[PDB]
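Listing of final_4.pdb, PDB, C-alpha atoms and all ligand atoms
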```pdb
ATOM      1  CA  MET A   1       0.000   0.000   0.000  1.00  0.00           C
ATOM      2  CA  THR A   2       2.970   2.374   0.394  1.00  0.00           C
ATOM      3  CA  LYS A   3       6.483   2.977  -0.927  1.00  0.00           C
ATOM      4  CA  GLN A   4       8.151   3.538   2.493  1.00  0.00           C
ATOM      5  CA  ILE A   5       8.374   1.065   5.321  1.00  0.00           C
ATOM      6  CA  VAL A   6       9.310   1.708   8.941  1.00  0.00           C
ATOM      7  CA  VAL A   7      10.385  -1.413  10.814  1.00  0.00           C
ATOM      8  CA  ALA A   8      10.111  -1.876  14.569  1.00  0.00           C
ATOM      9  CA  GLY A   9      11.339  -4.544  16.933  1.00  0.00           C
ATOM     10  CA  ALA A  10       9.532  -6.426  19.711  1.00  0.00           C
ATOM     11  CA  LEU A  11      12.440  -7.514  21.846  1.00  0.00           C
ATOM     12  CA  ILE A  12      11.360  -9.963  24.465  1.00  0.00           C
ATOM     13  CA  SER A  13      13.843 -11.044  27.121  1.00  0.00           C
ATOM     14  CA  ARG A  14      13.171 -12.840  30.427  1.00  0.00           C
ATOM     15  CA  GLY A  15       9.405 -12.588  29.896  1.00  0.00           C
ATOM     16  CA  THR A  16       9.358  -8.825  29.354  1.00  0.00           C
ATOM     17  CA  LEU A  17       9.194  -6.512  26.383  1.00  0.00           C
ATOM     18  CA  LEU A  18      11.575  -3.621  25.695  1.00  0.00           C
ATOM     19  CA  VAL A  19       9.800  -0.343  25.117  1.00  0.00           C
ATOM     20  CA  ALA A  20      11.501   2.922  24.289  1.00  0.00           C
ATOM     21  CA  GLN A  21      10.323   6.458  25.076  1.00  0.00           C
ATOM     22  CA  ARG A  22      10.633   8.795  22.134  1.00  0.00           C
ATOM     23  CA  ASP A  23      12.406  12.119  22.518  1.00  0.00           C
ATOM     24  CA  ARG A  24      11.305  13.591  19.162  1.00  0.00           C
ATOM     25  CA  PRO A  25       9.479  15.054  17.369  1.00  0.00           C
ATOM     26  CA  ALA A  26       7.388  17.095  19.784  1.00  0.00           C
ATOM     27  CA  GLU A  27       4.137  15.274  18.924  1.00  0.00           C
ATOM     28  CA  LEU A  28       5.576  11.869  19.968  1.00  0.00           C
ATOM     29  CA  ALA A  29       8.211  12.905  22.535  1.00  0.00           C
ATOM     30  CA  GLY A  30       7.291  11.302  25.842  1.00  0.00           C
ATOM     31  CA  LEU A  31       5.357   8.448  24.284  1.00  0.00           C
ATOM     32  CA  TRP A  32       6.477   4.845  24.068  1.00  0.00           C
ATOM     33  CA  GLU A  33       7.285   2.730  21.026  1.00  0.00           C
ATOM     34  CA  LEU A  34       8.842  -0.397  19.681  1.00  0.00           C
ATOM     35  CA  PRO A  35      12.237   0.939  18.575  1.00  0.00           C
ATOM     36  CA  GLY A  36      13.259   0.827  14.941  1.00  0.00           C
ATOM     37  CA  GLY A  37      13.378   3.069  11.895  1.00  0.00           C
ATOM     38  CA  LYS A  38      12.994   3.514   8.153  1.00  0.00           C
ATOM     39  CA  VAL A  39      14.167   0.886   5.695  1.00  0.00           C
ATOM     40  CA  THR A  40      16.684   2.687   3.450  1.00  0.00           C
ATOM     41  CA  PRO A  41      17.468   1.945  -0.199  1.00  0.00           C
ATOM     42  CA  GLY A  42      19.163  -1.432  -0.690  1.00  0.00           C
ATOM     43  CA  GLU A  43      18.208  -2.795   2.732  1.00  0.00           C
ATOM     44  CA  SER A  44      16.075  -5.766   3.644  1.00  0.00           C
ATOM     45  CA  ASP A  45      13.685  -5.362   6.561  1.00  0.00           C
ATOM     46  CA  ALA A  46      16.046  -7.437   8.714  1.00  0.00           C
ATOM     47  CA  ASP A  47      19.110  -5.381   7.698  1.00  0.00           C
ATOM     48  CA  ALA A  48      17.331  -2.129   8.546  1.00  0.00           C
ATOM     49  CA  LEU A  49      15.915  -3.297  11.841  1.00  0.00           C
ATOM     50  CA  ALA A  50      19.144  -4.837  13.117  1.00  0.00           C
ATOM     51  CA  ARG A  51      20.982  -1.674  12.083  1.00  0.00           C
ATOM     52  CA  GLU A  52      18.487   0.605  13.831  1.00  0.00           C
ATOM     53  CA  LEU A  53      18.633  -1.409  17.030  1.00  0.00           C
ATOM     54  CA  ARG A  54      22.440  -1.407  16.947  1.00  0.00           C
ATOM     55  CA  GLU A  55      22.482   2.366  16.392  1.00  0.00           C
ATOM     56  CA  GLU A  56      19.724   3.284  18.828  1.00  0.00           C
ATOM     57  CA  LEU A  57      20.304   0.747  21.565  1.00  0.00           C
ATOM     58  CA  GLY A  58      23.793  -0.715  21.146  1.00  0.00           C
ATOM     59  CA  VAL A  59      22.508  -4.272  20.850  1.00  0.00           C
ATOM     60  CA  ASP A  60      22.800  -7.109  18.344  1.00  0.00           C
ATOM     61  CA  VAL A  61      19.555  -8.859  17.527  1.00  0.00           C
ATOM     62  CA  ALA A  62      18.300 -11.682  15.399  1.00  0.00           C
ATOM     63  CA  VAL A  63      15.202 -10.699  13.447  1.00  0.00           C
ATOM     64  CA  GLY A  64      12.355 -13.215  13.587  1.00  0.00           C
ATOM     65  CA  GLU A  65       8.729 -13.424  12.492  1.00  0.00           C
ATOM     66  CA  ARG A  66       6.342 -10.521  11.881  1.00  0.00           C
ATOM     67  CA  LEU A  67       4.402  -9.428  14.917  1.00  0.00           C
ATOM     68  CA  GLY A  68       0.862  -8.285  14.339  1.00  0.00           C
ATOM     69  CA  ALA A  69      -0.589  -6.362  11.452  1.00  0.00           C
ATOM     70  CA  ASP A  70       1.054  -3.677   9.373  1.00  0.00           C
ATOM     71  CA  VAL A  71      -0.104  -0.168  10.318  1.00  0.00           C
ATOM     72  CA  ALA A  72      -0.686   2.665   7.847  1.00  0.00           C
ATOM     73  CA  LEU A  73       1.058   5.671   9.415  1.00  0.00           C
ATOM     74  CA  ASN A  74       0.066   8.038   6.725  1.00  0.00           C
ATOM     75  CA  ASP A  75      -0.341   8.036   2.968  1.00  0.00           C
ATOM     76  CA  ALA A  76       3.452   7.549   2.550  1.00  0.00           C
ATOM     77  CA  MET A  77       4.528   5.040   5.215  1.00  0.00           C
ATOM     78  CA  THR A  78       3.716   1.612   6.543  1.00  0.00           C
ATOM     79  CA  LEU A  79       4.846   0.485  10.003  1.00  0.00           C
ATOM     80  CA  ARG A  80       5.752  -3.162  10.581  1.00  0.00           C
ATOM     81  CA  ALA A  81       6.859  -4.950  13.700  1.00  0.00           C
ATOM     82  CA  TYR A  82       9.075  -8.010  13.944  1.00  0.00           C
ATOM     83  CA  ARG A  83       9.878 -10.175  16.916  1.00  0.00           C
ATOM     84  CA  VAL A  84      13.589  -9.894  17.704  1.00  0.00           C
ATOM     85  CA  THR A  85      15.871 -11.775  20.065  1.00  0.00           C
ATOM     86  CA  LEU A  86      18.788 -10.314  21.909  1.00  0.00           C
ATOM     87  CA  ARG A  87      22.056 -11.925  20.890  1.00  0.00           C
ATOM     88  CA  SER A  88      24.549  -9.523  22.462  1.00  0.00           C
ATOM     89  CA  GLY A  89      24.513  -6.296  24.518  1.00  0.00           C
ATOM     90  CA  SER A  90      22.353  -4.412  27.040  1.00  0.00           C
ATOM     91  CA  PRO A  91      19.991  -1.824  25.603  1.00  0.00           C
ATOM     92  CA  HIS A  92      21.028   1.779  26.245  1.00  0.00           C
ATOM     93  CA  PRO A  93      19.003   4.868  25.341  1.00  0.00           C
ATOM     94  CA  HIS A  94      21.256   6.588  22.834  1.00  0.00           C
ATOM     95  CA  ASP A  95      18.338   8.245  21.054  1.00  0.00           C
ATOM     96  CA  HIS A  96      15.437   7.731  23.365  1.00  0.00           C
ATOM     97  CA  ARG A  97      14.441   9.601  26.482  1.00  0.00           C
ATOM     98  CA  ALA A  98      14.153   6.333  28.458  1.00  0.00           C
ATOM     99  CA  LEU A  99      13.867   2.563  28.139  1.00  0.00           C
ATOM    100  CA  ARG A 100      11.642   0.223  30.151  1.00  0.00           C
ATOM    101  CA  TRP A 101      11.002  -3.511  30.331  1.00  0.00           C
ATOM    102  CA  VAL A 102       7.289  -4.213  30.571  1.00  0.00           C
ATOM    103  CA  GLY A 103       5.269  -7.321  31.330  1.00  0.00           C
ATOM    104  CA  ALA A 104       1.873  -8.368  30.082  1.00  0.00           C
ATOM    105  CA  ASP A 105       0.196  -6.444  32.906  1.00  0.00           C
ATOM    106  CA  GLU A 106       1.685  -3.171  31.681  1.00  0.00           C
ATOM    107  CA  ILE A 107       1.161  -3.348  27.925  1.00  0.00           C
ATOM    108  CA  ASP A 108      -2.437  -2.148  27.769  1.00  0.00           C
ATOM    109  CA  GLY A 109      -1.922   0.880  29.998  1.00  0.00           C
ATOM    110  CA  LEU A 110       1.360   2.137  28.593  1.00  0.00           C
ATOM    111  CA  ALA A 111       1.445   5.610  26.984  1.00  0.00           C
ATOM    112  CA  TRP A 112       2.039   4.278  23.497  1.00  0.00           C
ATOM    113  CA  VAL A 113       2.639   6.248  20.370  1.00  0.00           C
ATOM    114  CA  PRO A 114      -0.710   6.011  18.647  1.00  0.00           C
ATOM    115  CA  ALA A 115       0.311   3.739  15.743  1.00  0.00           C
ATOM    116  CA  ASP A 116       1.876   1.112  18.035  1.00  0.00           C
ATOM    117  CA  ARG A 117      -1.233   0.680  20.160  1.00  0.00           C
ATOM    118  CA  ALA A 118      -2.786  -1.718  17.607  1.00  0.00           C
ATOM    119  CA  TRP A 119      -0.045  -4.215  18.559  1.00  0.00           C
ATOM    120  CA  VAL A 120      -1.139  -4.479  22.215  1.00  0.00           C
ATOM    121  CA  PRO A 121      -2.932  -7.856  21.877  1.00  0.00           C
ATOM    122  CA  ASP A 122      -0.096  -9.287  19.825  1.00  0.00           C
ATOM    123  CA  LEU A 123       2.483  -8.143  22.350  1.00  0.00           C
ATOM    124  CA  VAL A 124       0.501  -9.534  25.299  1.00  0.00           C
ATOM    125  CA  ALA A 125       0.144 -12.856  23.437  1.00  0.00           C
ATOM    126  CA  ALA A 126       3.874 -12.924  22.674  1.00  0.00           C
ATOM    127  CA  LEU A 127       4.683 -12.409  26.379  1.00  0.00           C
ATOM    128  CA  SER A 128       2.318 -15.239  27.297  1.00  0.00           C
ATOM    129  CA  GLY A 129       4.036 -17.760  25.001  1.00  0.00           C
TER     130      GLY A 129
HETATM  131  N1  LIG A 201       7.438   2.087  16.670  1.00  0.00           N
HETATM  132  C1  LIG A 201       7.311   3.171  15.914  1.00  0.00           C
HETATM  133  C2  LIG A 201       8.383   3.689  15.206  1.00  0.00           C
HETATM  134  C3  LIG A 201       8.143   4.783  14.404  1.00  0.00           C
HETATM  135  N2  LIG A 201       6.902   5.271  14.259  1.00  0.00           N
HETATM  136  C4  LIG A 201       6.702   6.414  13.363  1.00  0.00           C
HETATM  137  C5  LIG A 201       7.329   7.686  13.861  1.00  0.00           C
HETATM  138  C6  LIG A 201       7.644   8.422  12.564  1.00  0.00           C
HETATM  139  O1  LIG A 201       6.476   9.119  12.108  1.00  0.00           O
HETATM  140  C7  LIG A 201       7.968   7.316  11.577  1.00  0.00           C
HETATM  141  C8  LIG A 201       9.449   7.145  11.376  1.00  0.00           C
HETATM  142  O2  LIG A 201      10.021   6.786  12.621  1.00  0.00           O
HETATM  143  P1  LIG A 201      11.521   7.131  12.988  1.00  0.00           P
HETATM  144  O3  LIG A 201      11.758   6.695  14.403  1.00  0.00           O
HETATM  145  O4  LIG A 201      12.376   6.484  11.939  1.00  0.00           O
HETATM  146  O5  LIG A 201      11.537   8.686  12.805  1.00  0.00           O
HETATM  147  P2  LIG A 201      12.720   9.483  12.077  1.00  0.00           P
HETATM  148  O6  LIG A 201      11.896  10.503  11.352  1.00  0.00           O
HETATM  149  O7  LIG A 201      13.697   9.809  13.182  1.00  0.00           O
HETATM  150  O8  LIG A 201      13.544   8.638  10.971  1.00  0.00           O
HETATM  151  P3  LIG A 201      14.816   9.377  10.258  1.00  0.00           P
HETATM  152  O9  LIG A 201      15.217  10.438  11.257  1.00  0.00           O
HETATM  153  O10 LIG A 201      15.858   8.293  10.079  1.00  0.00           O
HETATM  154  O11 LIG A 201      14.275   9.943   8.956  1.00  0.00           O
HETATM  155  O12 LIG A 201       7.407   6.140  12.152  1.00  0.00           O
HETATM  156  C9  LIG A 201       5.855   4.779  15.036  1.00  0.00           C
HETATM  157  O13 LIG A 201       4.707   5.292  14.927  1.00  0.00           O
HETATM  158  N3  LIG A 201       6.082   3.696  15.806  1.00  0.00           N
END
```
Spell out the structure here as structure tokens.
Ligand SMILES: Nc1ccn([C@H]2C[C@H](O)[C@@H](COP(=O)(O)OP(=O)(O)OP(=O)(O)O)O2)c(=O)n1
Amino acid sequence: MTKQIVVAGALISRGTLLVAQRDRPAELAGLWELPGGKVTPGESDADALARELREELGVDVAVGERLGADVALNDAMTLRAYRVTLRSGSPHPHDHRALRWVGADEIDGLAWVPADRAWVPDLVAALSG
């Protein structure tokens, strides 16, 4: 449906999900997301996501299966989540205001960025198996 894709990672470790608090732009700063970024020319979804998580968080991940449905952000961009597994590193907020590990009991009530909120059921399911 669009020409531009934004990939995001659902990193689950020890039964909790990594969420990242945006610091920009103003309209999203303070709200929580699955970290990731735009797929750039030449990149696969996995290349782009692993690169974004290395840049933003300082971690190495393996990119797994899609999580949940694609989301239309606007007329130009589609947002897609993938499950990812931590291979090496501890996440650090290089670009984000804060990081947090959340369990199933926290997913629904988190101050999500609006687009990511459609993934709530999928994230809760992922944390429960
Ligand atoms: N889990 C996420 C990740 C991103 N987005 C939205 C926010 C932006 O509208 C768009 C692009 O996200 P980026 O984090 O890549 O924003 P940038 O604009 O910083 O990308 P770049 O600066 O590389 O152009 O996707 C979102 O709704 N949910």
Select from chain A every residue with an atom at most 9 Å from any atom of ligand LIG 201 (chain A), then for each give the shortest pair of atoms and their distance in Å to one decimal, using all atoms listed in the file, rows by chain and rising number, as a Markdown table.
```
| residue | atom | partner | partner_atom | distance |
| --- | --- | --- | --- | --- |
| A:5 | CA | A:LIG201 | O12 | 8.6 |
| A:6 | CA | A:LIG201 | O12 | 5.8 |
| A:7 | CA | A:LIG201 | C2 | 7.0 |
| A:8 | CA | A:LIG201 | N1 | 5.2 |
| A:9 | CA | A:LIG201 | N1 | 7.7 |
| A:20 | CA | A:LIG201 | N1 | 8.7 |
| A:22 | CA | A:LIG201 | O3 | 8.1 |
| A:24 | CA | A:LIG201 | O7 | 7.5 |
| A:25 | CA | A:LIG201 | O6 | 7.9 |
| A:28 | CA | A:LIG201 | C5 | 7.6 |
| A:32 | CA | A:LIG201 | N1 | 8.0 |
| A:33 | CA | A:LIG201 | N1 | 4.4 |
| A:34 | CA | A:LIG201 | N1 | 4.1 |
| A:35 | CA | A:LIG201 | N1 | 5.3 |
| A:36 | CA | A:LIG201 | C2 | 5.7 |
| A:37 | CA | A:LIG201 | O4 | 3.6 |
| A:38 | CA | A:LIG201 | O4 | 4.9 |
| A:39 | CA | A:LIG201 | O4 | 8.6 |
| A:40 | CA | A:LIG201 | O10 | 8.7 |
| A:52 | CA | A:LIG201 | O4 | 8.7 |
| A:71 | CA | A:LIG201 | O13 | 8.6 |
| A:73 | CA | A:LIG201 | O13 | 6.6 |
| A:74 | CA | A:LIG201 | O1 | 8.4 |
| A:77 | CA | A:LIG201 | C7 | 7.6 |
| A:78 | CA | A:LIG201 | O12 | 8.1 |
| A:79 | CA | A:LIG201 | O12 | 6.6 |
| A:80 | CA | A:LIG201 | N1 | 8.2 |
| A:81 | CA | A:LIG201 | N1 | 7.7 |
| A:112 | CA | A:LIG201 | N3 | 8.7 |
| A:113 | CA | A:LIG201 | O13 | 5.9 |
| A:114 | CA | A:LIG201 | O13 | 6.6 |
| A:115 | CA | A:LIG201 | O13 | 4.7 |
| A:116 | CA | A:LIG201 | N3 | 5.4 |
```
Checklist entry - Using all atoms listed in the file, which of A:11, A:53, A:1, A:125 sits nearest residue 75 (chain A)? => result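 Nearest candidate to residue 75 (chain A) out of A:11, A:53, A:1, A:125: A:1.
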Item to check | Best match for closeness to residue 29 (chain A) among A:64, A:95, A:86, A:47, counting all atoms listed in the file | outcome: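 Ranking A:64, A:95, A:86, A:47 by distance to residue 29 (chain A), first place goes to A:95.
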Checklist entry - Leaving out residue 102 (chain A) and any residue of its chain fewer than 2 positions from it, which residues lie within 9 Å of it when counting only C-alpha atoms, given as a PyMOL selection string? => result chain A and resi 15-19+100+104-107+110
Item to check | Nearby residues, (23.9, 8.2, 22.3) file frame, 10 Å, only C-alpha atoms, as a PyMOL selection string | outcome: chain A and resi 55-58+92-96
Next on the checklist: Give me, as a PyMOL selection string, all polymer residues having an atom no more than 10 Å from residue 61 (chain A), counting all atoms listed in the file and skipping those fewer than 6 positions away in the same chain.
Outcome noted: chain A and resi 9+11+46+49-51+53-54+83-89
Write to file, as a PDB file, keeping the file's coordinate frame, the residues of the selection just made, with C-alpha atoms.
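File written: part16.pdb
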```
ATOM      1  CA  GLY A   9      11.339  -4.544  16.933  1.00  0.00           C
ATOM      2  CA  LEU A  11      12.440  -7.514  21.846  1.00  0.00           C
ATOM      3  CA  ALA A  46      16.046  -7.437   8.714  1.00  0.00           C
ATOM      4  CA  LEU A  49      15.915  -3.297  11.841  1.00  0.00           C
ATOM      5  CA  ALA A  50      19.144  -4.837  13.117  1.00  0.00           C
ATOM      6  CA  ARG A  51      20.982  -1.674  12.083  1.00  0.00           C
ATOM      7  CA  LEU A  53      18.633  -1.409  17.030  1.00  0.00           C
ATOM      8  CA  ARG A  54      22.440  -1.407  16.947  1.00  0.00           C
ATOM      9  CA  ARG A  83       9.878 -10.175  16.916  1.00  0.00           C
ATOM     10  CA  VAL A  84      13.589  -9.894  17.704  1.00  0.00           C
ATOM     11  CA  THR A  85      15.871 -11.775  20.065  1.00  0.00           C
ATOM     12  CA  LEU A  86      18.788 -10.314  21.909  1.00  0.00           C
ATOM     13  CA  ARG A  87      22.056 -11.925  20.890  1.00  0.00           C
ATOM     14  CA  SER A  88      24.549  -9.523  22.462  1.00  0.00           C
ATOM     15  CA  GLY A  89      24.513  -6.296  24.518  1.00  0.00           C
TER      16      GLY A  89
END
```
Next on the checklist: I need the residue nearest residue 120 (chain A) from this list: A:30, A:42, A:68, A:91. Use all atoms listed in the file for the distance.
Outcome noted: A:68
Checklist entry - Interatomic distance between CA of residue 117 (chain A) and CA of residue 60 (chain A)? => result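 We find that CA of residue 117 (chain A) and CA of residue 60 (chain A) lie 25.3 Å from each other.
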Checklist outcome for this item: Residue with the minimum atom-to-atom distance to residue 122 (chain A), picked from A:4, A:82, A:14, A:67 with all atoms listed in the file counted, is A:67
Next on the checklist: For a test of reading the model, state the distance in Å between CA of residue 13 (chain A) and CA of residue 108 (chain A), rounded to one decimal.
Outcome noted: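 Computed distance, CA of residue 13 (chain A) to CA of residue 108 (chain A), equals 18.6 Å.
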Please write out, as AutoDock Vina command-line options, where the centre of an axis-aligned box around all listed atoms of region 57-76 of chain A lies and how long its edges are, in Å to one decimal, after adding 3 Å on each side.
```
--center_x 11.6 --center_y -2.7 --center_z 12.1 --size_x 30.5 --size_y 27.5 --size_z 25.0
```
Checklist entry - Distance CA of residue 23 (chain A)-CA of residue 111 (chain A), one decimal place? => result 13.5 Å
